[PDB]
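Asks: Mind looking over this structure? Questions follow.
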Amino acid sequence: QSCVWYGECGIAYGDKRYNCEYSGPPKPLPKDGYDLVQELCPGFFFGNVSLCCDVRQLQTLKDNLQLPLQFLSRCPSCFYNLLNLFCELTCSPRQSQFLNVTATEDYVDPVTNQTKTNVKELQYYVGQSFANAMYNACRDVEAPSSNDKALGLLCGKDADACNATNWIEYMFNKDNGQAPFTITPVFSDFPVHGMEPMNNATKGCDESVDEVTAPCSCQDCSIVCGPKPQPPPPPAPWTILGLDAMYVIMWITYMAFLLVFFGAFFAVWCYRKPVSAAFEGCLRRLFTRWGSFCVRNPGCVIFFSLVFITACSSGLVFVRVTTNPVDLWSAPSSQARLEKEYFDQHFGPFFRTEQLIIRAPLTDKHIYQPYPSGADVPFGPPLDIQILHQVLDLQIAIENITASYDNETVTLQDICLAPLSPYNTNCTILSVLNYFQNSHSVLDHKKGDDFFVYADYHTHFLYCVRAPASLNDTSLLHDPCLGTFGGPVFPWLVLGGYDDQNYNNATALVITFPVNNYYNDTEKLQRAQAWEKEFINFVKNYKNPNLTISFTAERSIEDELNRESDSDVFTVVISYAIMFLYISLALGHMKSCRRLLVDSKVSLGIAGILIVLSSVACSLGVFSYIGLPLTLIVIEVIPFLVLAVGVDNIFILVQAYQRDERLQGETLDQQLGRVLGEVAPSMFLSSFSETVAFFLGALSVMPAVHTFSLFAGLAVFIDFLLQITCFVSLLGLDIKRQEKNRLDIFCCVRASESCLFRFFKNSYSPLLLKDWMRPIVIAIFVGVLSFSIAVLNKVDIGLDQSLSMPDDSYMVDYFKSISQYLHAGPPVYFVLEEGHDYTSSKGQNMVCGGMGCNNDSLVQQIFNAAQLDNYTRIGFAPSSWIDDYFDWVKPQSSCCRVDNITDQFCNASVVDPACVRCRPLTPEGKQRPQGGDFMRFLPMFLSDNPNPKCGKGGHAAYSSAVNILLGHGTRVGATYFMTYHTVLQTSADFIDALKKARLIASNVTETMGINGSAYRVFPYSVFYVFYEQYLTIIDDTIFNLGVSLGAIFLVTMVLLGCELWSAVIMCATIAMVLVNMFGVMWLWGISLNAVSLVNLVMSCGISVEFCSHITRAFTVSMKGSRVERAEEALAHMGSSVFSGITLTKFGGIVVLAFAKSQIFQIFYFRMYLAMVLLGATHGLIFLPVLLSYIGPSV
Ligand SMILES: *[C@@H]1O[C@H](CO)[C@@H](O[C@@H]2O[C@H](CO)[C@@H](O)[C@H](O[C@@H]3O[C@H](CO)[C@@H](O)[C@H](O)[C@@H]3O)[C@H]2NC(C)=O)[C@H](O)[C@H]1NC(C)=O
Ligand SMILES: *[C@@H]1O[C@H](CO)[C@@H](O[C@H]2O[C@H](CO)[C@@H](O[C@H]3O[C@H](CO)[C@@H](O)[C@H](O)[C@@H]3O)[C@H](O)[C@H]2NC(C)=O)[C@H](O)[C@H]1NC(C)=O
Ligand SMILES: *[C@@H]1O[C@H](CO)[C@@H](O[C@@H]2O[C@H](CO)[C@@H](O)[C@H](O)[C@H]2NC(C)=O)[C@H](O)[C@H]1NC(C)=O
Ligand SMILES: *[C@@H]1O[C@H](CO)[C@@H](O[C@@H]2O[C@H](CO)[C@@H](O)[C@H](O)[C@H]2NC(C)=O)[C@H](O)[C@H]1NC(C)=O
Ligand SMILES: CC(C)CCC[C@@H](C)[C@H]1CC[C@H]2[C@@H]3CC=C4C[C@@H](O)CC[C@]4(C)[C@H]3CC[C@]12C
Ligand SMILES: *[C@@H]1O[C@H](CO)[C@@H](O)[C@H](O)[C@H]1NC(C)=O
Ligand SMILES: *[C@@H]1O[C@H](CO)[C@@H](O)[C@H](O)[C@H]1NC(C)=O
Ligand SMILES: *[C@@H]1O[C@H](CO)[C@@H](O)[C@H](O)[C@H]1NC(C)=O
Ligand SMILES: *[C@@H]1O[C@H](CO)[C@@H](O)[C@H](O)[C@H]1NC(C)=O
Ligand SMILES: *[C@@H]1O[C@H](CO)[C@@H](O)[C@H](O)[C@H]1NC(C)=O
Ligand SMILES: *[C@@H]1O[C@H](CO)[C@@H](O)[C@H](O)[C@H]1NC(C)=O
Ligand SMILES: *[C@@H]1O[C@H](CO)[C@@H](O)[C@H](O)[C@H]1NC(C)=O
Ligand SMILES: *[C@@H]1O[C@H](CO)[C@@H](O)[C@H](O)[C@H]1NC(C)=O
Ligand SMILES: *[C@@H]1O[C@H](CO)[C@@H](O)[C@H](O)[C@H]1NC(C)=O
């Protein structure tokens, strides 16, 4: 061996210098540019160097290689062979093996008069196996600001016919502008002229160059990426013979029942052609004695009753109302609530978002044509220049807003979050205008001279949607697109309406204004909401006819529900008035026209209304005293429920007295005591059954059911007591009044056999209980039960969180805009808890996504999830901090540089006096920082800023994501890896997203193998607390309904004696009511949520109020046969139960039908209507027939 050239003495043109000929042996290097040889081509560095090379040649290599490093450095094995062809081509130590100079001539020096020899031309021997593996490993790499191939800008022609030999000829040719002299390549693998060429090792785009540099992407290499992922779809229908499972299995249960049931009637019809009274008797005696006591002592009883009312109802001064949604819809000690508590303590709370979905309806799409060559690229309507100026005008106006509070201004600049503050203090605005940095100048600046423009905002937009984190364009524009706050703006967060990667076609512009949320501070939250109100008002009062804005503020759902929570008081007041009107007119039997206003019950009706409203106030006041806060659900379900139960008892008592004839020699207090003693066990049964039912129903962890259960239980109990003591006293007084002839309301101016009872005794009970009507009735009811049980498991789960908004609202428009345009959803944070190591080889392999780290690690699993993206609802890649930290700390990048004496961070833009690199540029230094070096360089990384010489830095993105626990060697605390969900439109989507995020977290926790259960991975998103209840709502429904029905069963089997048969008939009928309630639920499209479960547990308690009365009247009766007992029970009790609860509630719902609110009209009106008429129908048409057939003897 020998060298061929050294130095630069000649000059061609510009800075280009001809190499100076010298064919002696290779020189030991002067120790000056040792750093350069390890960056350009490290294959020569095994020191005792003896390289023929020169630092003035090396620095011109590095200067000319600027654009191939930028384009081709994405795929390391490609840029590795390119470096191997140049370093070796220029200054290899065995240069004479593969080179032979042909033409050379002398050069004259103006400095020393010694004539130097330039090298004008020569020939270069290149192997064929190097060029084929080189071109084939580099042909797939894409270019920046285009979808072309990167060879298309470096071959000198189209990328369809640049062969594996002509491209090398174009590179060595001076026609490009870089090569100082043309070199003629000759390609041959075999020795010619006895001289054999160079053939070193080659690596393709799939093989990695070193054990720490990850392989090439499949965007830039066609041999790494194989079959796509695919999930397995389970649909799960049984579908036996063509239609559903329960739909067919029930219809065969029905045909089997109807044939085995009516074939026994037509089979036999053609064949024939003491402990109870001991507890039920002491109660009767007690109520009779106490009833007489109350009629002959009215003053003491009414006084003590009023004192009780006042003492209990004085607790309304401490009334608190809960309106904050997390405490309402999320259990205080649930799993999701504990995860939210852990996240708010270590990383601070999730921010508040104010979006704005602007759209341009008048403008049409236009075409953009690149000047040199390239296919046409169409741009959507909002991406016109005029529309962008108007949106920029709108954004600068939203930043203006001041919104004074407590005589001081509270600006956007004060409340929004600027991640890297105070250095840069602007704040996060996520708008497509941040690519141009919110400046009319930068947006309006074009580069060129007439008849065509070289660059334009189309070119800038196209460059920055592909790579939004660059700090200079470096190709004909030379502008950054980082954004005024500093840190990237991702195109899927700021655009919508495009088609899957093609951001050119965008139809909407999304503009987000993140605002800080504060953890245990209330003054700041009042400041933030004070700004949001004015933001809402401004956007509503913004005219701009070219644009259609769909906006939202963080407090807007709460504001819409508090604005919607009025406008129906005009319906509820008229509802109660019409109810009271019926109570006053229907209680009194008319029986004559000249005696109307004396046998009238107006005063007694007023007394009934005051006892019911008074009961409401006593319930509210006792639980207000105790400290239980109210809710807006309670305020709509409590008057109605208490009205239902209380009014029915009032009718039972008053009509049971009116239809009673007074015995001879019996005075009034004895008669009223007798009637109360004979009617009171049934009322006691109903009231006690509901109180025990509701109170026992206060065991769930659901806040709506918990507070409702407490309030409703106390109200039913207090209302029963208040009736039993005060209403019989007022009833005695009103009988005294009517017997002393005195007229009604004004003052002092001086048996019944009611119209309903003559219909129920004479026409309805005999007809219904005939032998040709009972099989028809039983057939119809088992058929309706069969339908309801069949369509049971097709009921929806959850609430749409939209139908809860008015129809004239802007939030409905915002939800339409989301569903029609948006592509990203709420962010997910995968929090790895405190306790992980991070300063060890295995501890880093379990968490990384990169080269040496595992294939089942955390970052890799979220990446796989994002490759699926429809089964698992995680839309995008993770954005880890540990990969970035490793990329930052590696010696090649050279962002890291420490001060020599102070051990302080020397910045990337600094004058360079003596600060040296942190990690040594040796083979050991290439590796990951596994020891104590990790924790010595991590805070400096998290404090580094986005410098143009370094890259992105770790302050704007990871400062809140990494917690460092100072003192005792400084370990790492809890950290997160944040990605984004897919657009979620319905409750099914939200539950699916929750479930599968939990699944990924549980998977990672399994693979990590923790000794015991010291820590675990968990996902946090904002809606998890609101949607975690629906993962156990089915077992909650089972437990609540089963426990309430068992409580009813037990209370019935205790109070009725020990008769198990009456209890089983009553319980089976209320279970029928619940199953048919679910059928009507499915049929009207009501969904199962936290409102519907409350309404079902209420229906289970009104079902008793019908049943209990009828079944007790049948049971305690001493007639002969079942038919006469059924018609007797029907007549006697059903005349009062149809007039008391049914007609009142029916009048209420039919007047309530003009409601004007959607939430009310779906979950309250329909459920109440269903409950009332279903229970009425069931009781009065199904207890007679079922008791007639299989009722309990005595
Ligand atoms: C979403 O945006 C993409 C942006 O590429 C649209 O694709 C392209 O469609 C436009 C429609 O008018 C074509 O002009 C583009 O190019 C054509 O380019 C070839 C190049 O060989 C020429 O020979 C043709 O004469 C023509 O000019 C076309 N570009 C590519 C790369 O396919 C896409 O249509 C759009 N989607 C919708 C729904 O509008
Ligand atoms: C994730 O989201 C969807 C499934 O959840 C996919 O989308 C869909 O788009 C429509 C339905 O809106 C359907 O495609 C129809 O039109 C195409 C035209 O080529 C037909 O081939 C197809 O038979 C349908 O009539 C599909 O149901 C679905 N995608 C397709 C192929 O259009 C979406 O693609 C999916 N993405 C991924 C990566 O899973
Ligand atoms: C081309 O291949 C040769 C043959 O392997 C390489 O030469 C050796 O390089 C290693 C790397 O450090 C040295 O340890 C050996 O001592 C070298 N052997 C010799 C000179 O006989 C050479 O490095 C390759 N070219 C490049 C640029 O890597
Ligand atoms: C956002 O921060 C940037 C710098 O972090 C501020 O800077 C400049 O904006 C002015 C016009 O206001 C331009 O003339 C300069 O070119 C920018 N300076 C640099 C060095 O980039 C900017 O004012 C801040 N505010 C807004 C609203 O953009
Ligand atoms: C547009 C494309 C083709 C440009 C990429 C090729 C460039 C960067 C390459 C091709 C030929 C190379 C040159 C070949 C010869 C010499 C003389 C030597 O003493 C110093 C390096 C120097 C000056 C090289 C610098 C890099 C170089 C100019
Ligand atoms: C280039 O690579 C392709 C696969 O991408 C292969 O089919 C072809 O044979 C290769 N050509 C060579 C090595 O000349
Ligand atoms: C609104 O913002 C503009 C931005 O240039 C500023 O000049 C002006 O002072 C702001 N305040 C007003 C109008 O109160
Ligand atoms: C606002 O508060 C300050 C006290 O900080 C007080 O001096 C000032 O008079 C107040 N202004 C008004 C208009 O109330
Ligand atoms: C980005 O602009 C040019 C592009 O060639 C580059 O030379 C320059 O160094 C970069 N800017 C800074 C501040 O480093
Ligand atoms: C609406 O668009 C037209 C055309 O781009 C423009 O002239 C006008 O100023 C725009 N703005 C309005 C009406 O506020
Ligand atoms: C994942 O785990 C190891 C690491 O390479 C290996 O044994 C296993 O085959 C890998 N699985 C796949 C599918 O690559
Ligand atoms: C770089 O460091 C110097 C000195 O510490 C400091 O003045 C300068 O603001 C830093 N620049 C950044 C962080 O962009
Ligand atoms: C760093 O400090 C050591 C000893 O303090 C010294 O030997 C070395 O030359 C210094 N390097 C630089 C670049 O100042
Ligand atoms: C979690 O792991 C199980 C087996 O360990 C696998 O079936 C399931 O698909 C994984 N879930 C993911 C990757 O979301």
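Each chain in the structure tokens gets a letter, A, B and so on, in the order shown; residues start at 1 in every chain, and ligands are counted from 1 in the order they appear.
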Run DSSP on the backbone and grab whatever in region 206-287 of chain A lands in helix (DSSP H, G or I); send it over as a ChimeraX atom specification.
Replies: /A:246-271,275-287
Asks: Can you pull out the residues contacting region 38-42 of chain A? Cut-off 7 Å, using only C-alpha atoms, and skip same-chain residues under 4 positions away; I want them as an MDAnalysis selection string.
Replies: chainID A and resid 34 83:84 87
Asks: Near region 193-198 of chain A, counting only C-alpha atoms, which residues have an atom at most 12 Å away, once you skip same-chain residues fewer than 5 positions from it, shown as an MDAnalysis selection string?
Replies: chainID A and resid 84:85 88:89 92:100 123:131 185:188
Asks: Could the residues in this selection be saved with N, CA, C and O atoms as a compact mmCIF listing (two decimals), in the first residue's frame?
Replies:
# COMPACT_ATOMS: atom_id res chain seq x y z
N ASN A 84 -19.40 5.12 3.99
CA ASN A 84 -18.39 4.13 3.62
C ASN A 84 -17.90 4.27 2.16
O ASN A 84 -16.78 3.85 1.86
N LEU A 85 -18.72 4.82 1.24
CA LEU A 85 -18.24 5.04 -0.12
C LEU A 85 -17.46 6.34 -0.24
O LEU A 85 -16.44 6.37 -0.94
N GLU A 88 -13.78 6.16 2.43
CA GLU A 88 -12.86 5.26 1.76
C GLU A 88 -12.36 5.82 0.42
O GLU A 88 -11.14 5.84 0.20
N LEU A 89 -13.30 6.39 -0.40
CA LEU A 89 -13.02 7.05 -1.70
C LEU A 89 -12.03 8.21 -1.59
O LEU A 89 -11.20 8.42 -2.48
N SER A 92 -8.96 6.56 2.32
CA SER A 92 -8.66 5.22 2.84
C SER A 92 -7.15 4.94 2.89
O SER A 92 -6.38 5.51 2.10
N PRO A 93 -6.68 4.06 3.80
CA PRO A 93 -5.23 3.80 3.87
C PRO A 93 -4.74 2.86 2.79
O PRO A 93 -3.52 2.76 2.57
N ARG A 94 -5.65 2.19 2.08
CA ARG A 94 -5.29 1.28 1.01
C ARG A 94 -5.81 1.77 -0.32
O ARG A 94 -6.28 0.98 -1.15
N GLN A 95 -5.72 3.10 -0.51
CA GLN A 95 -6.26 3.88 -1.63
C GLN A 95 -5.71 3.44 -2.98
O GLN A 95 -6.43 3.49 -3.99
N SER A 96 -4.47 2.93 -3.02
CA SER A 96 -3.74 2.60 -4.23
C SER A 96 -4.27 1.32 -4.86
O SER A 96 -4.01 1.09 -6.05
N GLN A 97 -4.95 0.47 -4.07
CA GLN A 97 -5.56 -0.76 -4.55
C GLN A 97 -6.69 -0.50 -5.54
O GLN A 97 -6.86 -1.28 -6.48
N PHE A 98 -7.44 0.58 -5.34
CA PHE A 98 -8.64 0.83 -6.13
C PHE A 98 -8.62 2.19 -6.84
O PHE A 98 -9.68 2.72 -7.16
N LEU A 99 -7.44 2.69 -7.21
CA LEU A 99 -7.36 3.99 -7.86
C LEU A 99 -6.13 4.03 -8.76
O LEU A 99 -5.12 3.36 -8.50
N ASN A 100 -6.22 4.82 -9.83
CA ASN A 100 -5.12 5.04 -10.77
C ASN A 100 -5.31 6.38 -11.46
O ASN A 100 -6.26 6.54 -12.24
N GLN A 123 -9.58 7.58 -12.50
CA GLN A 123 -10.62 6.56 -12.51
C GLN A 123 -10.69 5.77 -11.19
O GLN A 123 -9.68 5.47 -10.55
N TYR A 124 -11.94 5.43 -10.82
CA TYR A 124 -12.33 4.79 -9.56
C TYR A 124 -13.02 3.42 -9.68
O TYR A 124 -14.08 3.32 -10.31
N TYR A 125 -12.41 2.37 -9.11
CA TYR A 125 -12.91 1.00 -9.17
C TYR A 125 -13.91 0.72 -8.04
O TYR A 125 -13.53 0.68 -6.87
N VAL A 126 -15.18 0.51 -8.39
CA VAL A 126 -16.24 0.25 -7.42
C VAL A 126 -16.79 -1.15 -7.63
O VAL A 126 -16.94 -1.58 -8.78
N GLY A 127 -16.97 -1.91 -6.55
CA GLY A 127 -17.58 -3.24 -6.65
C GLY A 127 -19.05 -3.17 -7.08
O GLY A 127 -19.73 -2.18 -6.81
N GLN A 128 -19.54 -4.23 -7.72
CA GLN A 128 -20.95 -4.26 -8.13
C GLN A 128 -21.87 -4.64 -6.97
O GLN A 128 -22.95 -4.05 -6.81
N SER A 129 -21.41 -5.55 -6.10
CA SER A 129 -22.12 -5.99 -4.90
C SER A 129 -22.25 -4.93 -3.82
O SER A 129 -23.02 -5.12 -2.87
N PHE A 130 -21.51 -3.83 -3.91
CA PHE A 130 -21.63 -2.74 -2.97
C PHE A 130 -22.70 -1.78 -3.48
O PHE A 130 -23.57 -1.34 -2.71
N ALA A 131 -22.66 -1.48 -4.79
CA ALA A 131 -23.62 -0.57 -5.40
C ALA A 131 -25.04 -1.14 -5.47
O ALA A 131 -26.01 -0.37 -5.33
N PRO A 185 -16.52 6.52 -12.58
CA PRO A 185 -16.56 5.18 -11.95
C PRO A 185 -16.56 4.04 -12.97
O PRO A 185 -17.17 4.15 -14.04
N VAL A 186 -15.86 2.96 -12.65
CA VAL A 186 -15.86 1.74 -13.44
C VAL A 186 -16.28 0.60 -12.52
O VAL A 186 -15.65 0.36 -11.48
N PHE A 187 -17.40 -0.03 -12.82
CA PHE A 187 -17.95 -1.04 -11.94
C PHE A 187 -17.56 -2.43 -12.41
O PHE A 187 -17.95 -2.84 -13.51
N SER A 188 -16.87 -3.18 -11.53
CA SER A 188 -16.40 -4.54 -11.79
C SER A 188 -15.94 -5.21 -10.50
O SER A 188 -15.20 -4.63 -9.71
Asks: Write as a PyMOL selection string the residues around ligand 7, taking 8 Å as the cut-off and counting only C-alpha atoms and all ligand atoms.
Replies: chain A and resi 396-397+399-401
Asks: Can you list every residue of chain A that has an atom at most 8 Å from ligand 2, with its nearest atom pair and the distance in Å to one decimal, using only C-alpha atoms and all ligand atoms, ordered by chain then number, as a Markdown table?
Replies:
| residue | atom | partner | partner_atom_place_in_ligand_line | distance |
| --- | --- | --- | --- | --- |
| A:867 | CA | ligand 2 | 38 (C) | 7.6 |
| A:868 | CA | ligand 2 | 39 (O) | 6.5 |
| A:869 | CA | ligand 2 | 39 (O) | 6.1 |
| A:870 | CA | ligand 2 | 1 (C) | 4.9 |
| A:871 | CA | ligand 2 | 39 (O) | 7.6 |
Asks: Ranking A:846, A:62, A:1090, A:808 by minimum distance to ligand 11 and counting only C-alpha atoms and all ligand atoms, which one comes first?
Replies: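 The answer is A:846, which sits nearest to ligand 11.
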Asks: Which is closer to residue 718 (chain A) than all the others in A:512, A:313, A:975, A:1115, using only C-alpha atoms?
Replies: A:313
Asks: Considering only C-alpha atoms and all ligand atoms, tabulate each residue of chain A that lies at most 12 Å from ligand 14 along with its nearest interatomic pair and the corresponding distance in Å to one decimal; arrange the rows by chain and ascending residue number and present them as JSON lines.
Replies:
{"residue": "A:229", "atom": "CA", "partner": "ligand 14", "partner_atom_place_in_ligand_line": "13 (C)", "distance": 11.4}
{"residue": "A:230", "atom": "CA", "partner": "ligand 14", "partner_atom_place_in_ligand_line": "9 (O)", "distance": 11.1}
{"residue": "A:231", "atom": "CA", "partner": "ligand 14", "partner_atom_place_in_ligand_line": "9 (O)", "distance": 8.6}
{"residue": "A:232", "atom": "CA", "partner": "ligand 14", "partner_atom_place_in_ligand_line": "9 (O)", "distance": 9.6}
{"residue": "A:855", "atom": "CA", "partner": "ligand 14", "partner_atom_place_in_ligand_line": "13 (C)", "distance": 11.6}
{"residue": "A:856", "atom": "CA", "partner": "ligand 14", "partner_atom_place_in_ligand_line": "13 (C)", "distance": 9.1}
{"residue": "A:857", "atom": "CA", "partner": "ligand 14", "partner_atom_place_in_ligand_line": "13 (C)", "distance": 10.8}
{"residue": "A:858", "atom": "CA", "partner": "ligand 14", "partner_atom_place_in_ligand_line": "13 (C)", "distance": 10.3}
{"residue": "A:859", "atom": "CA", "partner": "ligand 14", "partner_atom_place_in_ligand_line": "13 (C)", "distance": 11.6}
{"residue": "A:860", "atom": "CA", "partner": "ligand 14", "partner_atom_place_in_ligand_line": "13 (C)", "distance": 9.7}
{"residue": "A:861", "atom": "CA", "partner": "ligand 14", "partner_atom_place_in_ligand_line": "13 (C)", "distance": 6.2}
{"residue": "A:862", "atom": "CA", "partner": "ligand 14", "partner_atom_place_in_ligand_line": "13 (C)", "distance": 8.1}
{"residue": "A:863", "atom": "CA", "partner": "ligand 14", "partner_atom_place_in_ligand_line": "13 (C)", "distance": 9.7}
{"residue": "A:864", "atom": "CA", "partner": "ligand 14", "partner_atom_place_in_ligand_line": "13 (C)", "distance": 7.0}
{"residue": "A:865", "atom": "CA", "partner": "ligand 14", "partner_atom_place_in_ligand_line": "14 (O)", "distance": 6.2}
{"residue": "A:866", "atom": "CA", "partner": "ligand 14", "partner_atom_place_in_ligand_line": "14 (O)", "distance": 9.9}
{"residue": "A:867", "atom": "CA", "partner": "ligand 14", "partner_atom_place_in_ligand_line": "13 (C)", "distance": 10.6}
{"residue": "A:868", "atom": "CA", "partner": "ligand 14", "partner_atom_place_in_ligand_line": "14 (O)", "distance": 9.2}
{"residue": "A:869", "atom": "CA", "partner": "ligand 14", "partner_atom_place_in_ligand_line": "14 (O)", "distance": 10.6}
{"residue": "A:870", "atom": "CA", "partner": "ligand 14", "partner_atom_place_in_ligand_line": "14 (O)", "distance": 11.6}
{"residue": "A:871", "atom": "CA", "partner": "ligand 14", "partner_atom_place_in_ligand_line": "14 (O)", "distance": 9.0}
{"residue": "A:872", "atom": "CA", "partner": "ligand 14", "partner_atom_place_in_ligand_line": "14 (O)", "distance": 6.7}
{"residue": "A:873", "atom": "CA", "partner": "ligand 14", "partner_atom_place_in_ligand_line": "14 (O)", "distance": 10.0}
{"residue": "A:874", "atom": "CA", "partner": "ligand 14", "partner_atom_place_in_ligand_line": "14 (O)", "distance": 10.0}
{"residue": "A:993", "atom": "CA", "partner": "ligand 14", "partner_atom_place_in_ligand_line": "14 (O)", "distance": 11.2}
{"residue": "A:994", "atom": "CA", "partner": "ligand 14", "partner_atom_place_in_ligand_line": "14 (O)", "distance": 11.9}
{"residue": "A:995", "atom": "CA", "partner": "ligand 14", "partner_atom_place_in_ligand_line": "14 (O)", "distance": 9.9}
{"residue": "A:996", "atom": "CA", "partner": "ligand 14", "partner_atom_place_in_ligand_line": "14 (O)", "distance": 6.5}
{"residue": "A:997", "atom": "CA", "partner": "ligand 14", "partner_atom_place_in_ligand_line": "14 (O)", "distance": 7.6}
{"residue": "A:998", "atom": "CA", "partner": "ligand 14", "partner_atom_place_in_ligand_line": "14 (O)", "distance": 8.8}
{"residue": "A:999", "atom": "CA", "partner": "ligand 14", "partner_atom_place_in_ligand_line": "14 (O)", "distance": 5.9}
{"residue": "A:1000", "atom": "CA", "partner": "ligand 14", "partner_atom_place_in_ligand_line": "14 (O)", "distance": 4.6}
{"residue": "A:1001", "atom": "CA", "partner": "ligand 14", "partner_atom_place_in_ligand_line": "14 (O)", "distance": 8.4}
{"residue": "A:1002", "atom": "CA", "partner": "ligand 14", "partner_atom_place_in_ligand_line": "1 (C)", "distance": 7.6}
{"residue": "A:1003", "atom": "CA", "partner": "ligand 14", "partner_atom_place_in_ligand_line": "1 (C)", "distance": 4.8}
{"residue": "A:1004", "atom": "CA", "partner": "ligand 14", "partner_atom_place_in_ligand_line": "1 (C)", "distance": 8.0}
{"residue": "A:1005", "atom": "CA", "partner": "ligand 14", "partner_atom_place_in_ligand_line": "1 (C)", "distance": 10.2}
{"residue": "A:1006", "atom": "CA", "partner": "ligand 14", "partner_atom_place_in_ligand_line": "5 (O)", "distance": 8.1}
{"residue": "A:1007", "atom": "CA", "partner": "ligand 14", "partner_atom_place_in_ligand_line": "5 (O)", "distance": 8.3}
Asks: Choose the residue, out of A:200, A:459, A:437, A:819, that has the smallest atom-to-atom separation from residue 983 (chain A); count only C-alpha atoms.
Replies: A:819
Asks: Distance limit 10 Å, reference ligand 6, atoms considered: only C-alpha atoms and all ligand atoms. Which residues make the cut? Give them as a list in words.
Replies: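 Protein and nucleic-acid residues within 10 Å of ligand 6: residues 128, 129, 131, 132, 133, 134, 135, 136, 137, 139, 140, 164, 204, 221, 222, 223 and 224 of chain A.
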Asks: May I have the selected residues written with C-alpha atoms, as a CSV table (one decimal), in the first residue's frame?
Replies:
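So again.csv came out as:
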chain,number,residue,atom,x,y,z
A,128,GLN,CA,-20.9,-4.3,-8.1
A,129,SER,CA,-22.1,-6.0,-4.9
A,131,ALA,CA,-23.6,-0.6,-5.4
A,132,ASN,CA,-26.5,-3.1,-5.7
A,133,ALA,CA,-26.9,-3.4,-1.9
A,134,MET,CA,-26.5,0.3,-1.6
A,135,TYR,CA,-29.1,1.4,-4.1
A,136,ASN,CA,-31.5,-1.3,-3.0
A,137,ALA,CA,-31.1,-0.3,0.7
A,139,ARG,CA,-34.3,3.5,-2.9
A,140,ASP,CA,-37.4,3.6,-0.5
A,164,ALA,CA,-27.7,1.6,-9.6
A,204,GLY,CA,-29.2,-3.4,4.2
A,221,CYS,CA,-37.6,0.6,3.5
A,222,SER,CA,-39.7,-2.0,1.7
A,223,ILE,CA,-38.2,-5.1,3.2
A,224,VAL,CA,-38.9,-4.5,7.0
Asks: Can you check which parts of region 1056-1119 of chain A lie within 9 Å of region 768-788 of chain A? Per residue, the shortest pair of atoms and distance in Å to one decimal, counting only C-alpha atoms, sorted by chain and number, as CSV.
Replies:
residue,atom,partner,partner_atom,distance
A:1072,CA,A:785,CA,6.7
A:1073,CA,A:785,CA,8.8
A:1075,CA,A:788,CA,6.2
A:1076,CA,A:788,CA,5.3
A:1077,CA,A:788,CA,8.0
A:1078,CA,A:788,CA,6.7
A:1079,CA,A:788,CA,4.2
A:1080,CA,A:788,CA,7.6
A:1082,CA,A:788,CA,8.7
Asks: Collect all residues with atoms no farther than 8 Å from ligand 1, counting only C-alpha atoms and all ligand atoms, and output them as a list in words.
Replies: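 So the residues close to ligand 1 are residues 367, 374, 375, 376, 377, 378, 379, 498, 499, 502, 503, 504 and 505 of chain A.
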Asks: From a DSSP pass on the backbone, collect the residues of region 622-863 of chain A flagged as strand (DSSP E) and hand them back as a short mmCIF file (atom, residue, chain, number, x, y, z; two decimals) with N, CA and C atoms, in the first residue's frame.
Replies:
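Dumped everything to part.cif:
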data_model
loop_
_atom_site.label_atom_id
_atom_site.label_comp_id
_atom_site.auth_asym_id
_atom_site.auth_seq_id
_atom_site.Cartn_x
_atom_site.Cartn_y
_atom_site.Cartn_z
N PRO A 827 -57.16 12.89 25.65
CA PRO A 827 -55.88 12.23 25.94
C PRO A 827 -55.96 11.20 27.06
N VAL A 828 -55.09 10.20 26.96
CA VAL A 828 -54.96 9.15 27.96
C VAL A 828 -53.59 9.29 28.55
N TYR A 829 -53.46 9.07 29.85
CA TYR A 829 -52.15 9.12 30.50
C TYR A 829 -51.93 7.76 31.14
N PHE A 830 -50.93 7.04 30.67
CA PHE A 830 -50.62 5.76 31.28
C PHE A 830 -49.61 5.87 32.39
N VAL A 831 -50.09 6.09 33.59
CA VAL A 831 -49.24 6.38 34.73
C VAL A 831 -48.59 5.14 35.30
N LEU A 832 -47.29 5.07 35.20
CA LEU A 832 -46.51 4.05 35.87
C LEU A 832 -46.19 4.56 37.26
#
